[PDB]
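In: only geometry, no sequence info:
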Ligand SMILES: [Ca+2]
Ligand SMILES: [Ca+2]
Ligand SMILES: [Ca+2]
Ligand SMILES: [Ca+2]
Ligand SMILES: [Ca+2]
């Protein structure tokens, strides 16, 4: 089972893809997201992607299909070792503190064009000792339920 | 940024999986 907070976060995530609010992600909407992240999938490629997570074969991703796909992806970052690997990706200079510049670098390389302000907000939410950066223990806390 | 990260890496892996398919075809 997922936290009710995790399910709530996944709902907001789902809303970013389901731009029309119809309860489904279409090739058009997934295309729009992929293009915002700097990819150019063809209509064929977009249908291939939906197809593998489309349990009822209706050609769109509903929230239950999305949540199944996301819960499965979360297994890539659930072990001590996978969380350490993810920490090393973020902490580019190896000094044990994920800075705003580092978090923006990771997110930009993944295609997400964030504002300084969005980056500062994600740090603020993770930054428990309030030093303006995210350390390993903060990172583990933010990566587990 | 936990969920944001797994979504963005999932978007990237949807893309690598589709590239890997066409690559499988080139190789075979
Ligand atoms: Ca929709
Ligand atoms: Ca479906
Ligand atoms: Ca795992
Ligand atoms: Ca650092
Ligand atoms: Ca901190």
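Out: That came through fine. Numbering: from 1, shown residues only, chains lettered A, B, ... in the order given. Ligands and ions are numbered 1, 2, ... in the order given.
In: quick test: name the residue nearest the centre of chain B.
Out: Geometric centre of chain B, nearest residue: residue B:13, 2.2 Å, by CA atoms, centre = their mean.
In: how about the helix or strand containing that residue and chain A, touching?
Out: Here residue B:13 sits within helix B:2-27, counting by DSSP states H and E. Yes. Using CB under 8 Å from any CB of the partner chain, helix B:2-27 reaches chain A at B:2-15, B:17-18, B:21. (C-beta placed from N, C-alpha, C; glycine too.)
In: in ChimeraX, select just the buried ones from the residues you listed.
Out: A single ChimeraX command suffices to select whichever of those are buried according to 16 or more other CB atoms under 10 Å in any protein chain shown:
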select /B:2,3,4,5,6,7,8,9,10,11,14,15,18
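In: any idea what sits nearest residue A:128, other than its immediate chain neighbours?
Out: Of all residues not flanking residue A:128 in the chain, residue A:138 sits nearest, at 5.3 Å (CB to CB, 6 or more residues apart in numbering or on different chains).
In: closest residue of chain B to ligand 2?
Out: Here the residue of chain B nearest ligand 2 is residue B:14; by CB to the ion that distance is 15.5 Å.
In: near ligand 4, which residues of chain B?
Out: Contact residues, chain B versus ligand 4 (CB under 5 Å from the ion): none.
In: in contact with the residue in chain B that chain A sits nearest to, which residues?
Out: Closest approach between chain B and chain A, counting by CB to the nearest CB: residue B:8, at 3.8 Å. Contacts for residue B:8 (CB atoms under 8 Å, 6 or more residues apart in numbering or on different chains) come out as A:37, A:107, A:110, A:111, A:112.
In: distance check, the residue lying closest to residue A:19 once chain neighbours are set aside against residue A:57.
Out: Among residues not flanking residue A:19 along the chain, residue A:29 sits closest, at 5.5 Å (CB to CB, 6+ apart). Here residue A:29 is placed at a distance of 18 Å from residue A:57 (CB to CB, to the nearest Å).
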